[PDB]
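Visitor:
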Amino acid sequence: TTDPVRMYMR
Amino acid sequence: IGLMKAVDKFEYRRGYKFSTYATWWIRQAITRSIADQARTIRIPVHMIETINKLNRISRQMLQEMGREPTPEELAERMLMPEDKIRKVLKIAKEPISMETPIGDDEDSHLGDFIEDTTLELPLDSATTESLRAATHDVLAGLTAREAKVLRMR
Amino acid sequence: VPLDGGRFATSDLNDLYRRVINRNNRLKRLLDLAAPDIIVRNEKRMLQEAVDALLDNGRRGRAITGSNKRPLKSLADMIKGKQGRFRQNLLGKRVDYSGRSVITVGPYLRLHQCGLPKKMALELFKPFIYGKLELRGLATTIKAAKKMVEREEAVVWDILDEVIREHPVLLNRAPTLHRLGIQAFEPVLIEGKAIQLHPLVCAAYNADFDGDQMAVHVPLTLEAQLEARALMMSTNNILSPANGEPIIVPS
Amino acid sequence: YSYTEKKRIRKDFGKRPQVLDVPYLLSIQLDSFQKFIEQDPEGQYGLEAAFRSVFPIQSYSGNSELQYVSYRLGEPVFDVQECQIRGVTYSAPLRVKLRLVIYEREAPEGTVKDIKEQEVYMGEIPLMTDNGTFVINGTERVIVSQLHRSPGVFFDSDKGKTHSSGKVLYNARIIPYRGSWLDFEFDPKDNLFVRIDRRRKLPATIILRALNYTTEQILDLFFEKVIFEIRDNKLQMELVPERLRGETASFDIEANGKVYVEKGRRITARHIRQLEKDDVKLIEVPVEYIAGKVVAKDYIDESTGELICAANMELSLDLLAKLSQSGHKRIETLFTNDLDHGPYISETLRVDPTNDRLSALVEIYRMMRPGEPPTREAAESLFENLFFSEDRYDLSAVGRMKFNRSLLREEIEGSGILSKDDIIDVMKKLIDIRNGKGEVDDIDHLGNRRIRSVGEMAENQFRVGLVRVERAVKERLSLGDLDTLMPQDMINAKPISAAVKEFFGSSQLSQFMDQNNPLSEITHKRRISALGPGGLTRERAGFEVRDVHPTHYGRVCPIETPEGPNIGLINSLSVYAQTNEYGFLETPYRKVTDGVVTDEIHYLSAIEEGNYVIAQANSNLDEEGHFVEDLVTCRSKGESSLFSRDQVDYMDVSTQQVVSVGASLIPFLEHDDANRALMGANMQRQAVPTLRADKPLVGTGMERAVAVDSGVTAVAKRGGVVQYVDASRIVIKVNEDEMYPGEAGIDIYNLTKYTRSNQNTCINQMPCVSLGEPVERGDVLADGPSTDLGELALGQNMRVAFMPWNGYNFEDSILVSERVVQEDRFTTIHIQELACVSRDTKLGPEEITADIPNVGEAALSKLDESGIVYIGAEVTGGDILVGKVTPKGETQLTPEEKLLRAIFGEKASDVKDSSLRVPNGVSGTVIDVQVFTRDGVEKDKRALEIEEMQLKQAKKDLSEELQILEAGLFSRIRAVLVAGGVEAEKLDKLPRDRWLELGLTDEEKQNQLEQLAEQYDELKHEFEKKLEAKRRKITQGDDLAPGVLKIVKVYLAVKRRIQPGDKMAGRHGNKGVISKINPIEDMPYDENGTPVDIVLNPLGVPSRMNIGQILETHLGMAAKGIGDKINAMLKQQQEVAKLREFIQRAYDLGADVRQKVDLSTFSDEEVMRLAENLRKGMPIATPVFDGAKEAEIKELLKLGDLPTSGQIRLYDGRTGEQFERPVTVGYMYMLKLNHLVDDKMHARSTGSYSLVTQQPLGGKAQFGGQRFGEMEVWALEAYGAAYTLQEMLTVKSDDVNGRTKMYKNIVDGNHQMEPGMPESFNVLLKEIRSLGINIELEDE
Amino acid sequence: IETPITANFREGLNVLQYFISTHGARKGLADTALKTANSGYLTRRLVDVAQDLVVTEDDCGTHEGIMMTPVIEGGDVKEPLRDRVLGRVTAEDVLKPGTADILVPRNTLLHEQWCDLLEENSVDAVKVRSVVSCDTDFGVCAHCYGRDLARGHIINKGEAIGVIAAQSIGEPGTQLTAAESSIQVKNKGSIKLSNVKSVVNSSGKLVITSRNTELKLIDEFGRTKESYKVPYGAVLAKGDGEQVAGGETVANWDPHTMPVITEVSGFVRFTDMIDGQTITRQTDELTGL
Ligand SMILES: [Mg+2]
Ligand SMILES: [Zn+2]
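Residue numbers (the entry's author numbering), protein chains in the order written: chain A, 94 to 103; chain B, 410 to 562; chain C, 253 to 503; chain D, 3 to 1342; chain E, 755 to 931, 945 to 1056.
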């Protein structure tokens, strides 16, 4: 699911 | 959301380092959210801080009294009515997941054994059909005014 | 609902539903605070996620319930199961007027009847007894009748033998494999706590006597009795439906 | 001969001598726990071991390090008995000394201060009983030993089914004790891969570049070099004369001026002798042979500095030309041989996208956590934590050993993490096996399964407890000031104690001890399981691991395993098995030095045993212990055959060692099919204890070992004579020799009387000795439940006769004579615990008062003023045990009820009737009432009466100890004072307490009196405080749960007889449910008139081939024969001689045995006492495979004067006429199992309904209805049964309105139905409608 | 394993014999635990795919049906013709060997009497109406089914035959788990071949030239008991129509040889059998093999 924690951080 | 507040109310002219002044405003919004909405049974904020203190008190007096303090030992340390500890500790529990598996792993679950107490058992509904029956014959064997008087009540 | 000891229990949907309610409120606020897009987006992303975990949890990363490792049961999981709809899935819904115990033999029976414990039959047919007791006037009212059988007054046995007579029951044993797994018998009252089973019917049930239990079921309505008598009765099914030969062979 | 064997002596068959006796059966459990909690002055496994790993903790370089000093275990707060009733855990407080040192900044090192903080407390850990159990919440629990895969590396197959090519594969797995798995696997293309556990597959060589290995060293390591020389001009080759094996000539192969082999002639043994003897080093070759060949290392152009050829590139005639004109004498190539050295790693390199170290370090990081950017510091640290971190990795100590073991090294201990050598070495061996040298392991073999048990498993749960406390300590040690915090402020207690409460509290391996039976307890504590943490799952594996493997011989029992969904997942432990020091399974054998059978025993592990050739148990040896025959049947490497006399290396210790403790208690097992033995030993453990402890007439010999080793009995510590015997207690006066000078004293064993067991049975000890009897060390002082005179008696034998009896034993059903139920002999005692809780509701407190609205004196007769039923009152169903009322005011009743109450005048109470009443159908005697009350709720009337009795008992108990101990001690001091100063009459005038001052002249006896003096004066004061402390403990407030005011626990004693429905069975899997109970008149009887108790069906014996039950039955008959002879002679009182003459004849019987009996035994008092115990029958022992033989059985029948046939004539009790053909009668030991009928029998008319789904549920003990599952619906659909189906799932269940309409109709006498719609489907409609779906009910 | 249990149950068994006996027992219990699971799943799928099919019409009035013959598959007559046809209804009238003769009058419920009157004559094959052919949609007409029930009469309108079908198949599931030289015709009878065209060679062999040729056995009074299959390339003894004796060898062939046999004579000319391409030489000694 391209785990949400990463794409906020990005 | 805490960070956005402090940026609106800041003024650089007081010489405060922006770090530790914002850190105040942030940690306020943290605790005020945690305390509010992390509970399924919502409790007032002072209750939570009361509860928090109790966790600290049970620690310091754990090793001091050899075992753990009796439920009436912490009562002296705390300022309040001191029977309220029970009352506190009663509401302090979190509810339990109704779909908690009981043994065998089978689809018998905790909630599946919780019986209904609001029901009206047939054996009583039976007597109700007969309570109507009994009252009627005593009231027909009277005088017609006493029927009309009673029929209205 | 409350439990004993003052602790509560609640559905997992509640943990789910709040978070959707909460995050929705927090977005309404951010629109009036004119928050930067980088924030109001992330909120949307969380709400779009939290809704999805509410409907069918599992096509994402599996949001867990508060402080508890166990996954929370979703709306979809109340329909899904093993397999499909639970209510129609085995088992399968429990059913009133029934019971069970160990079965034993009894060669003295004729084949069209069966041995049902005195003690059991009393508890099973209770609404029938309440009627007949007050119908014939031996009880003034049901509430009196209730107290009579509670007293276990000897008068009731003579009443019981009337109501038992032409009323078949259904006997059923554990894995129902073919249509002969339910068969209908006429009850004969027995002192003892075991069910007495005519030996020739043991073959059809694939019953041994190593401690197997069978269930009883009372046909209530008038229709069900005549249905159970012309279709499900023992003597009507003596041929196996797989291959026309007798199944009531000597064992 | 001992003391309780001399009492009654078991006639023992069996020929082979016992060389090694059965060890302590509870060894495993007791040993393991002892290892965990104990001081070990070195690193070896323990709490010390666990501690030293995580500690010392040191702050973020601030030079404030906390080191670990030592630990102590506080005394148990309550002992065993106390702790059970209340419900606390039997635990000890753990106090550990810690030293916090701080180094100044910056320091040539040394400390400003270190506080040597006394013992901070970090939780309580439970403690084990004398017999290997724990008490966790007043309930005895056992921790089942677990079975998991040994650490190390294991090579597996997956032949066939893989990819549908067949095309086998080989994979390696490195399984460490802690940390990530490292998997190596091939593929079809012969590319080597590695994968971190189940993640993305990656080319295996990538990790080598990360370990700083370049391309040249990878080629150099796994392949040889074939050097191609250009000599004089155009290509020669260095030849090793062996390399050419397994190939055919590639050209005209010549050297030394003579063509040895031309193209097309296979290189054989002739050609290689020529090459070797003529020393062919160099051969001439064509320039075309390197057209396909791959060059090994790098070659660059010396002038222009340009790349000629990259490593792992196949040469061509043009690439050769660039380096031939440049003057190159060497050209290194790979040696590729599709038999020897396969080109595997070569192929792998061409798929590898990396070249240097950092190329790979990213790709490993990006595989584990894709999506996020790599960093230099990130990739390096991450990888170093995988196989090189002291914290996250150890393959164990055993694991490091097994690693080296499997790789054929020598060293057994070393590094805790993997080295550069280790990883390469694994990859090497994998290739070798793929090359064909070596075979793979299998998981099932007991050299690759290791046993952990409680001592180890608790250690691991404690270990994880500390790693989660270190961050908290580290966090505080970051900012922490100087001398303000001390080592107690930071370390919390709860995280440690929870992590241990988690394990012993809820785990798949922690269960309620199956304790209805002395056999049941011992078989549970010796158990193995492959389930739970770190083990397999039922849905995973998989038939391979369940099946019996050759290595199970003598370690795991082959036959004792459950018969259900987990077969082979248990495998109970064998008798002689023992756990290796390293934790493997070893077994005893006897060292066979060539022609002697020694008696020195040797323990051989699973791997060791395979190599040697071990003899067999049943082997005939005589005069010295030479093997009698020149050839003996033996087994060596997994198979069995005949072998030469002097080739055998070992021999079995005993004939029994293949089975388990459960299995060995079955007689004549050897003649019984394996299937039935399983069913046999499954039901034996389920035997509920009988009223009168019999004894098995037909036994095996093990029964005494099992009796003693199970805790239930009280076994004498020290030998002596009996001073006092009471049904309550037993006092033993110790012998002089063993008794210490001071503190000497008496041995006093206080017996356990009637109390609830775990399975609601009754557990009661009874005295088996009389006044003034001699007892020796290790003797049986009192029998437990289901033991008689020291032997294990799980049941009662009876006279059984095989014949059809009018169909009342049609299948396996059993038919029993009244004589059994009249003798109350299968009567079984059950104890239920019913409890009442005084709770707290919002409106007020509940009262236990006896004022209950609208109840008659009939209830309040059995109730005292306080509201509790009197002790001793025989009660049945419905009777009130504890009157109780709850506050409920303003009911708000309706009109027609209100007017009615006003017409007849009832004072409508504000309190509900809530009393605890006796559940319908169960009936027994109240034998005890307990009341536990919260600190601060007032103790009622009866409690003070209770606390007075508790006071009087405690006062009487303590003082009785003191009275006996004083008088016992004072009588000896007085007598030694008489030895050198005897003033007999003068001495005992003055008070006896005033003696200790009086001395004696110079000798050690004055110093001996000094010892006895000290411990007397200590008794005076220790009495005072122990009586005081005991007394304070009674009145002190009992702490209960929140919300609960006071609790009354009532104990019922129900006595259950036997009725149709009970399951009974012999030990050979002949189950059966008692069917009718007949008068003794109607039983088949014989010409002596004696009826027979049970009539079994003869058909049950041929199909299920359990033929041992017949042998038992015949031999049993003979055992009663000897009895009736003695019974006649004992009543005739003929004289001591004729009795002794007859007994002597019995115990010899024929030739070759092991017994060795009397006449030594004391010719009067003992023989007569013996004589008594035998008249009920003579106890015999048939060992498992050394059993009795047909001839021996028939011979003992002759002595009894009974026919050799084993059969007699019988007469039908009804018609009185003879039965054609003789039938068998005899004695069979039989058990009554706890599937008792009046627990299974359920019925419900109308009861409670579940709230969420209105569906029948047991709530008020009018129990839930039967479940009507899927298959039963197809039944009704198969008939035309349209209404019967409707009725089943409408009015009988889901229709909340219909059900009442029906019930109303039933009492009106109208059988009809008003169906409508089921709520089960109605809820579906709402659940769907709250999703996005518009689901309606249409019409038209 | 190559060394059996030499002991029996009246004597003892020894160590190894018991230990060997262990395995079969354990796998025995293990197996039947899973064969319970397999049955359970099997029965479930089958009612789901049947079920909704109910007897709806009385007679759909179609003349179509399936051809019933005896089971006699090479070996031994595992089932009589009488069993397969009993309780079924006839597609078409069955005739004697002679005709003008209405034996069974077209739609007849073949009960027990009819079935014996059938076996009296030499009745050899019957066309029978089957459920697969029934023209009625959304069910099965009463006729095409059969009779069977626990009652002996024809199926009644409305019976739910799909379910009772499923169970019957699924219940017994718990109970479930190089010398090819010559045919010897075991009984005396008459021989009738199907689908063969032959040529007589110099040896005089009835050479089969087809792949679908059967060796049947003509009866006298209605028992075509045995049947056999002759491979392509078998030496025959009897011709066609020749009476075979009891236990007579009538065929003969090499098991490990399938001959490619011409119909004609002449020389053998080699095309594309070049030494190296598809062949190599293997030449023997003095005899010239
Ligand atoms: Mg059975
Ligand atoms: Zn049709």
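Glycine is no exception: its CB is placed at the ideal position from the N, C-alpha and C atoms.
What is the residue span of the beta strand (DSSP E) that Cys-311/D lies within?
Guide: 309-311
Visitor: Which class does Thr-1286/D belong to by DSSP, given the choice of helix, strand or coil?
Guide: helix
Visitor: Among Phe-427/B, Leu-559/B, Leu-463/B and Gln-437/B, which one has its Cα closest to the Cα of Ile-494/B?
Guide: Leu-463/B
Visitor: Please tell me whether, using a cut-off of 7 Å, the distance from the CB of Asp-812/E to the nearest non-hydrogen atom of ligand 2 is below it.
Guide: Not so, every heavy atom of ligand 2 lies at least 7 Å from the Cβ.
Visitor: Using the three-state DSSP reduction, which class does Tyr-614/D fall into: helix, strand or coil?
Guide: It is coil, neither helix nor strand.
Visitor: Output needed in chain order: residues of the region 283-300 of chain C with a Cβ under 8 Å from some Cβ in chain A.
Guide: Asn-294, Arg-297 and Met-298
Visitor: State yes or no: is the C-beta of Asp-814/D within less than 8 Å of the C-beta of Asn-1099/D?
Guide: yes
Visitor: Provide the residue span of the alpha helix (DSSP H) that contains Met-400/C, from first to last.
Guide: Going by DSSP, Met-400/C is part of the alpha helix (DSSP H) stretching over 394-403.
Visitor: Using a threshold of 8 Å, state whether the C-beta atoms of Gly-1215/D and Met-1085/D are closer than that.
Guide: yes
Visitor: Return the CA-CA distance between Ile-1109/D and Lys-755/D, expressed in angstroms with no decimal places.
Guide: Cα to Cα, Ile-1109/D sits roughly 41 Å from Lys-755/D.
Visitor: For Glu-835/D, I'd like the list of residues in its chain whose CB is within less than 7 Å of its CB, leaving aside the five on either flank, ordered along the chain.
Guide: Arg-758, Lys-1051 and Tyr-1053
Visitor: Can you look up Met-1066/D in the DSSP assignment and give me helix, strand or coil?
Guide: strand
Visitor: Leaving out five residues before and five after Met-1290/D in sequence, what residues of the same chain have Cβ atoms less than 7 Å from its Cβ?
Guide: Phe-1270
Visitor: Any beta carbon from chain C within less than 8 Å of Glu-1289/D's own beta carbon?
Guide: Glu-1289/D counts as touching chain C.
Visitor: Please determine if the region 818-836 of chain E and the region 990-1000 of chain E are in contact, where contact requires at least 3 C-beta pairs separated by less than 8 Å.
Guide: yes
Visitor: Comparing alpha-carbon positions, which option in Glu-625/D, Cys-559/D, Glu-963/D and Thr-635/D lies nearest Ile-734/D?
Guide: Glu-963/D
Visitor: Jot down the residue ranges of each uninterrupted alpha helix (DSSP H) in the region 196-231 of chain D, minimum 4 residues, whole runs only, in chain order.
Guide: 208-212 and 217-224
Visitor: May I ask whether a heavy atom of ligand 2 can be found less than 7 Å away from the beta carbon of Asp-891/E?
Guide: no
Visitor: Counting only beta-carbon separations shorter than 8 Å, does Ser-263/C have a partner in chain B?
Guide: yes
Visitor: To the nearest angstrom, how far is it from the Cα of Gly-512/B to the Cα of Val-196/D?
Guide: 41 Å
Visitor: Measuring CB atoms only, is the region 289-308 of chain D touching the region 264-281 of chain D, in the sense that at least three cross pairs come out at less than 8 Å?
Guide: no
Visitor: When you compare only the Cα positions, how much space is there between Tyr-47/D and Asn-518/D?
Guide: 35 Å
Visitor: Indicate the three-state DSSP secondary structure (helix, strand or coil) for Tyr-367/D in the structure shown.
Guide: helix
Visitor: In whole angstroms, what separates the C-alpha of residue 2/D from that of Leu-448/D?
Guide: With chain D covering only 3 through 1342, there is no way to say anything about residue 2/D.
Visitor: Going along the chain, which residues of the region 481-494 of chain C sit with their C-beta nearer than 9 Å to a C-beta in chain E?
Guide: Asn-488, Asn-489, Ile-490, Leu-491, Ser-492, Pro-493 and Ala-494
Visitor: Using 8 Å for Cβ pairs, my map puts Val-71/D next to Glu-472/D. What's the rounded Cβ distance?
Guide: Rounded, the Cβ-Cβ distance is 17 Å, inconsistent with contact.
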